[PDB]
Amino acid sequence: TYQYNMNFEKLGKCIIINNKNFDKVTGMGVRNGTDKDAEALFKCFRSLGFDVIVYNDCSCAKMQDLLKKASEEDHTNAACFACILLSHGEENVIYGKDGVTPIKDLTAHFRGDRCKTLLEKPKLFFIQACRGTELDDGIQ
């Protein structure tokens, strides 16, 4: 009707990528506290009914690999899909431990023409990272 059908054996898979330590080359510091979030996110999404698995300090290749494999899994009995990214980031890109990779490439795998089992089902991405360097001063 007007809402997504949530009538499935499973709610969906929730992938949580938690990058805390980065390669010396990347020049990015350690994201302390990122574990405090991951645990909180893990508990939260588990409570909603997600079958959540967490991946730590992943190389760009790794992250690409995971999201690709997952898009190739069979989501026929899943109500939806959810992915969470906790890392360093910049405009349009996210950091792996070895470098950066385009967010659009990580999410493209789930396009309808590339992941039928999730066709017409919500695909959720939560990203906690930077998107630039500008700051917000506030007002009044």
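Residue positions are given as counts along the sequence shown, with the first one as 1.
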If you average the Cα B factors in the entry, which is higher, 96 to 104 or 76 to 84?
-> 96 to 104
Which wins on mean Cα temperature factor, 19 to 27 or 124 to 132?
-> 19 to 27
Cα B factor band for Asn7 (lowest, middle or highest third within the chain) | middle
Sorting the chain's CA B-factors, does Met63 end up in the lowest, middle or highest third?
-> highest
Where does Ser71 sit by CA temperature factor within its chain: lowest, middle or highest third?
-> middle
Of the three thirds of its chain by CA temperature factor, lowest, middle or highest, which one includes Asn56?
-> middle
By the entry's values, the third containing the CA B factor of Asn32 is the highest
